[PDB]
Each structure stands twice: as structure tokens, then as C-alpha cells.
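Engineer: My structure is in start.txt, and what it holds is compact mmCIF, C-alpha atoms:
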```txt
# COMPACT_ATOMS: atom_id res chain seq x y z
CA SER A 1 76.39 109.04 197.68
CA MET A 2 75.62 110.80 194.42
CA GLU A 3 78.18 113.57 195.22
CA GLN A 4 80.93 110.82 195.43
CA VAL A 5 79.99 109.42 191.99
CA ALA A 6 80.02 112.95 190.38
CA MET A 7 83.43 113.62 192.05
CA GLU A 8 84.59 110.30 190.58
CA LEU A 9 83.19 111.21 187.13
CA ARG A 10 85.33 114.44 187.27
CA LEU A 11 88.43 112.44 188.45
CA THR A 12 87.78 110.02 185.58
CA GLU A 13 87.53 112.87 183.11
CA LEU A 14 90.65 114.56 184.44
CA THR A 15 92.34 111.18 183.95
CA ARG A 16 91.08 111.09 180.35
CA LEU A 17 92.61 114.53 179.71
CA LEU A 18 95.90 113.75 181.53
CA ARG A 19 96.35 110.58 179.43
CA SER A 20 96.17 112.58 176.22
CA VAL A 21 98.61 115.15 177.72
CA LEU A 22 101.00 112.29 178.68
CA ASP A 23 100.91 110.88 175.14
CA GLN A 24 101.69 114.28 173.65
CA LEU A 25 104.58 114.83 176.10
CA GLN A 26 105.96 111.39 175.44
CA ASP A 27 105.86 112.02 171.63
CA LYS A 28 108.41 114.76 172.33
CA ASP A 29 110.88 112.03 173.48
CA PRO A 30 111.18 109.93 170.26
CA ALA A 31 114.57 108.70 171.53
CA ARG A 32 112.78 107.13 174.61
CA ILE A 33 115.41 108.51 177.03
CA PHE A 34 112.63 109.08 179.68
CA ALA A 35 110.37 106.00 179.01
CA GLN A 36 111.50 103.83 181.93
CA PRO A 37 113.14 104.30 185.32
CA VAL A 38 116.90 104.78 185.39
CA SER A 39 118.33 101.23 186.00
CA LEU A 40 119.94 100.81 189.45
CA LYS A 41 121.76 97.78 188.06
CA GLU A 42 123.36 100.05 185.37
CA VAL A 43 123.67 103.23 187.57
CA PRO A 44 124.21 101.78 191.10
CA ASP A 45 124.93 105.22 192.65
CA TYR A 46 121.79 106.87 191.18
CA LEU A 47 119.89 107.31 194.46
CA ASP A 48 122.88 109.04 196.12
CA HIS A 49 122.33 111.76 193.42
CA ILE A 50 118.59 111.75 192.83
CA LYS A 51 116.16 111.45 195.74
CA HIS A 52 112.91 111.27 193.75
CA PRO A 53 113.41 109.43 190.43
CA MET A 54 110.71 109.73 187.81
CA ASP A 55 109.94 108.42 184.33
CA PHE A 56 107.01 108.14 181.90
CA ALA A 57 106.14 104.49 182.73
CA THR A 58 105.95 105.30 186.48
CA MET A 59 103.67 108.35 185.66
CA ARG A 60 101.49 106.10 183.54
CA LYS A 61 100.90 103.54 186.38
CA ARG A 62 99.89 106.38 188.70
CA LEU A 63 97.68 107.89 185.99
CA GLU A 64 95.80 104.61 185.39
CA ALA A 65 95.25 104.17 189.13
CA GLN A 66 93.68 107.69 189.01
CA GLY A 67 96.39 108.83 191.39
CA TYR A 68 96.65 112.39 190.00
CA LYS A 69 94.10 114.57 191.89
CA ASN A 70 94.87 117.67 189.73
CA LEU A 71 97.16 118.98 186.92
CA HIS A 72 99.62 120.44 189.45
CA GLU A 73 100.51 116.96 190.73
CA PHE A 74 100.94 115.64 187.19
CA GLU A 75 103.23 118.63 186.33
CA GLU A 76 105.34 117.97 189.45
CA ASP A 77 106.12 114.47 188.13
CA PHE A 78 106.94 115.79 184.64
CA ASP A 79 109.28 118.38 186.06
CA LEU A 80 111.02 115.62 188.13
CA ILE A 81 111.82 113.80 184.91
CA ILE A 82 113.43 116.90 183.42
CA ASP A 83 115.05 118.30 186.55
CA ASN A 84 116.55 114.92 187.63
CA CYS A 85 118.18 114.55 184.24
CA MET A 86 119.61 118.10 184.19
CA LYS A 87 121.31 117.54 187.54
CA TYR A 88 122.71 114.02 186.98
CA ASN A 89 123.98 114.65 183.43
CA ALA A 90 126.35 117.36 182.30
CA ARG A 91 125.36 120.09 179.88
CA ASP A 92 127.22 118.61 176.89
CA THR A 93 125.41 115.23 176.95
CA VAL A 94 122.69 113.83 174.79
CA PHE A 95 120.65 113.20 177.97
CA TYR A 96 120.77 116.78 179.25
CA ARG A 97 120.04 118.11 175.81
CA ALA A 98 117.07 115.70 175.46
CA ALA A 99 115.59 117.11 178.71
CA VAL A 100 115.91 120.69 177.62
CA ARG A 101 114.13 119.85 174.38
CA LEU A 102 111.34 117.97 176.22
CA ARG A 103 110.89 120.91 178.61
CA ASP A 104 110.62 123.44 175.75
CA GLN A 105 108.28 121.31 173.67
CA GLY A 106 106.25 120.20 176.69
CA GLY A 107 105.58 123.84 177.72
CA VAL A 108 103.13 124.43 174.86
CA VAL A 109 101.14 121.25 175.63
CA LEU A 110 100.99 122.12 179.34
CA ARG A 111 100.00 125.73 178.65
CA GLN A 112 96.87 124.52 176.79
CA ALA A 113 96.06 121.73 179.29
CA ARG A 114 95.91 124.32 182.15
CA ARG A 115 93.38 126.33 180.09
CA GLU A 116 91.33 123.06 179.39
CA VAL A 117 91.29 122.01 183.08
CA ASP A 118 90.13 125.51 184.20
CA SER A 119 87.72 125.77 181.23
CA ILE A 120 86.00 122.33 181.59
CA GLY A 121 86.32 122.47 185.46
```
Go through the file and emit its structure as C-alpha cells.
Structural biologist:
Amino acid sequence: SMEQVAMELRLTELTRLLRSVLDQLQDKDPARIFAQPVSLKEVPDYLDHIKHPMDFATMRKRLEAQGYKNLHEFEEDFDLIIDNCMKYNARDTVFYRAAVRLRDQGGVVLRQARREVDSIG
């Protein structure tokens, strides 16, 4: 159907916008602390602490399979990255501090993306 194609054109465009958002969020992590999943070889107990791990590479595979239906879902994944790190790592660590900084800097980018998703549809 033609409706299905137009739906898919909107999903595709949302995916275009989300990719740019992801790049801008990732630029706020120049240290690359959040680039890849936490290694279960190097942190064997990780899943006893964190039930839903998340990272930028895992978000990117979902993104490129058009697996984000809306900005809310994408934001849920970004918040997992931050929130997982703030639980596992203590306040005085470079990791915890890197999450706080990513959250603060990400807020601006996300604030405008919500306007652009409403605005363009």
C-alpha cells in the first residue's frame, strides 16, 4: 500500500534525524567511555548489578535497523547509558563524572530534537 510506503518514508526520516542526534551526543563523550558495551570478560559481575546494559554502538545497530519508532524510545536508551553508569560507579570516579557531563550536555541536543520531531511531524 501507498500508506505503508509514506509511513516508511517518515520512519526513514526519523532515522535520519536520530542519526544526527546520536552523533552529537557521542561527540559529548570524547573519552569514549560509552562507545561499546561494558565487557563481561573484564567486569564478570556486571549483569548482577545492571539488568539492561546500554552503549552507543548497541544504539547505533538498532538505529540502522530502523528499530526506533519514536524519539521517546531513543531517549530511553540514552538514559540507560547514563543511569547504568551512575549506579555501578561511585560519585568520585571518572566514569560517574563522565555520565553527569554527558547528561548535562546531551540535554540541550535532546531539547531541540523534541522540537524538530514535533515540528516536522
Engineer: Would you give me, as a Markdown table, each residue of range 42-110 of chain A having an atom within 8 Å of an atom of range 12-30 of chain A, along with its shortest atom pair and that distance in Å to one decimal, using all atoms listed in the file and sorting by chain and residue number?
Structural biologist:
```
| residue | atom | partner | partner_atom | distance |
| --- | --- | --- | --- | --- |
| A:56 | CA | A:26 | CA | 7.3 |
| A:60 | CA | A:22 | CA | 7.9 |
| A:63 | CA | A:15 | CA | 6.6 |
| A:64 | CA | A:15 | CA | 7.6 |
| A:66 | CA | A:15 | CA | 6.3 |
| A:68 | CA | A:15 | CA | 7.5 |
| A:70 | CA | A:14 | CA | 7.4 |
| A:71 | CA | A:18 | CA | 7.6 |
| A:74 | CA | A:18 | CA | 7.8 |
| A:98 | CA | A:29 | CA | 7.5 |
| A:101 | CA | A:28 | CA | 7.9 |
| A:102 | CA | A:28 | CA | 5.8 |
| A:105 | CA | A:28 | CA | 6.7 |
| A:106 | CA | A:25 | CA | 5.7 |
| A:109 | CA | A:21 | CA | 6.9 |
| A:110 | CA | A:21 | CA | 7.5 |
```
Engineer: Give me the box for range 51-66 of chain A as JSON, namely the centre and edge lengths in Å to one decimal of a box along x, y and z that holds every listed atom plus 6 Å on each side.
Structural biologist:
```
{"center_x": 104.9, "center_y": 107.5, "center_z": 188.8, "size_x": 34.5, "size_y": 19.9, "size_z": 25.8}
```
Engineer: What does the distance from CA of residue 62 in chain A to CA of residue 104 in chain A come to in Å, to one decimal?
Structural biologist: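 That distance, rounded to one decimal, is 24.0 Å.
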Engineer: Rounded to one decimal, what separation in Å do you get between CA of residue 36 in chain A and CA of residue 53 in chain A?
Structural biologist: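 Between CA of residue 36 in chain A and CA of residue 53 in chain A the gap is 10.4 Å.
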Engineer: Do you have the CA of residue 93 in chain A-CA of residue 51 in chain A distance handy?
Structural biologist: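 The value is 21.3 Å.
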Engineer: Skip residue 100 in chain A itself and residues of its chain fewer than 5 positions away, then list as a PyMOL selection string all residues within 10 Å of it, counting only C-alpha atoms.
Structural biologist: chain A and resi 82-83+85-86+91+95+105-106
Engineer: Do you know which residues are at most 12 Å from residue 47 in chain A counting only C-alpha atoms, after dropping those on the same chain fewer than 5 positions away, and could you put them as a list in words?
Structural biologist: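 With the cut-off at 12 Å, the set is residues 37, 38, 39, 40, 41, 52, 53, 54, 84 and 88 of chain A.
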Engineer: Smallest atom-to-atom distance to residue 87 in chain A: which of A:1, A:99, A:117, A:72, using all atoms listed in the file?
Structural biologist: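 Nearest to residue 87 in chain A: A:99.
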Engineer: Just write range 49-79 of chain A with N, CA and C atoms, as a tab-separated table (two decimals), in the first residue's frame, taken from the block above.
Structural biologist:
```tsv
chain	number	residue	atom	x	y	z
A	49	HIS	N	24.47	-6.41	38.66
A	49	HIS	CA	24.25	-5.00	39.02
A	49	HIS	C	23.29	-4.32	38.04
A	50	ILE	N	23.51	-4.53	36.75
A	50	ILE	CA	22.81	-3.79	35.74
A	50	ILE	C	22.02	-4.77	34.88
A	51	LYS	N	20.69	-4.62	34.90
A	51	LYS	CA	19.78	-5.51	34.19
A	51	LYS	C	19.60	-5.20	32.71
A	52	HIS	N	19.73	-3.94	32.32
A	52	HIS	CA	19.61	-3.55	30.93
A	52	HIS	C	20.82	-2.68	30.52
A	53	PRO	N	21.95	-3.32	30.19
A	53	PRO	CA	23.11	-2.57	29.70
A	53	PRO	C	22.82	-1.84	28.39
A	54	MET	N	23.51	-0.72	28.21
A	54	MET	CA	23.38	0.04	27.00
A	54	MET	C	24.67	0.78	26.72
A	55	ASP	N	24.87	1.08	25.44
A	55	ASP	CA	26.06	1.75	24.93
A	55	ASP	C	25.76	2.33	23.54
A	56	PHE	N	26.61	3.24	23.08
A	56	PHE	CA	26.41	3.89	21.79
A	56	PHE	C	26.47	2.95	20.58
A	57	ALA	N	27.32	1.92	20.60
A	57	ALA	CA	27.39	1.02	19.45
A	57	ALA	C	26.08	0.20	19.32
A	58	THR	N	25.55	-0.23	20.45
A	58	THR	CA	24.31	-1.02	20.51
A	58	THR	C	23.14	-0.14	20.03
A	59	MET	N	23.13	1.15	20.39
A	59	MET	CA	22.09	2.12	19.93
A	59	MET	C	22.19	2.31	18.43
A	60	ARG	N	23.43	2.42	17.94
A	60	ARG	CA	23.66	2.54	16.51
A	60	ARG	C	23.15	1.32	15.69
A	61	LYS	N	23.34	0.08	16.15
A	61	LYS	CA	22.82	-1.07	15.38
A	61	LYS	C	21.29	-1.03	15.31
A	62	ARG	N	20.67	-0.66	16.41
A	62	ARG	CA	19.21	-0.54	16.44
A	62	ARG	C	18.73	0.58	15.51
A	63	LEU	N	19.38	1.73	15.60
A	63	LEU	CA	19.13	2.85	14.73
A	63	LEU	C	19.15	2.44	13.26
A	64	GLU	N	20.22	1.78	12.82
A	64	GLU	CA	20.38	1.45	11.40
A	64	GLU	C	19.49	0.32	10.92
A	65	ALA	N	18.91	-0.44	11.86
A	65	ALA	CA	17.81	-1.35	11.55
A	65	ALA	C	16.45	-0.68	11.71
A	66	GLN	N	16.43	0.66	11.72
A	66	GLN	CA	15.21	1.46	11.94
A	66	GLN	C	14.34	0.96	13.10
A	67	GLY	N	15.01	0.55	14.18
A	67	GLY	CA	14.32	-0.01	15.31
A	67	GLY	C	13.81	1.00	16.32
A	68	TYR	N	14.07	2.30	16.11
A	68	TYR	CA	13.46	3.32	16.98
A	68	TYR	C	12.19	3.88	16.32
A	69	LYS	N	11.04	3.55	16.88
A	69	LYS	CA	9.74	4.03	16.33
A	69	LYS	C	9.51	5.53	16.57
A	70	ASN	N	10.12	6.09	17.61
A	70	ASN	CA	9.90	7.49	18.03
A	70	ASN	C	11.08	7.97	18.92
A	71	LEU	N	11.17	9.27	19.17
A	71	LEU	CA	12.23	9.86	19.98
A	71	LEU	C	12.23	9.37	21.44
A	72	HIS	N	11.05	9.07	21.96
A	72	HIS	CA	10.95	8.55	23.33
A	72	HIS	C	11.81	7.28	23.49
A	73	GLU	N	11.70	6.36	22.56
A	73	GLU	CA	12.42	5.10	22.64
A	73	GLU	C	13.92	5.33	22.61
A	74	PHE	N	14.36	6.23	21.72
A	74	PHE	CA	15.74	6.59	21.57
A	74	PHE	C	16.26	7.20	22.87
A	75	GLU	N	15.55	8.15	23.43
A	75	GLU	CA	15.85	8.74	24.77
A	75	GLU	C	15.93	7.72	25.93
A	76	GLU	N	15.07	6.70	25.92
A	76	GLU	CA	15.13	5.65	26.92
A	76	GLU	C	16.50	4.96	26.91
A	77	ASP	N	16.98	4.64	25.72
A	77	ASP	CA	18.31	4.02	25.55
A	77	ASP	C	19.44	4.93	25.99
A	78	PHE	N	19.30	6.23	25.77
A	78	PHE	CA	20.37	7.19	26.12
A	78	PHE	C	20.43	7.36	27.62
A	79	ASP	N	19.27	7.48	28.22
A	79	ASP	CA	19.18	7.46	29.68
A	79	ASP	C	19.68	6.17	30.33
```
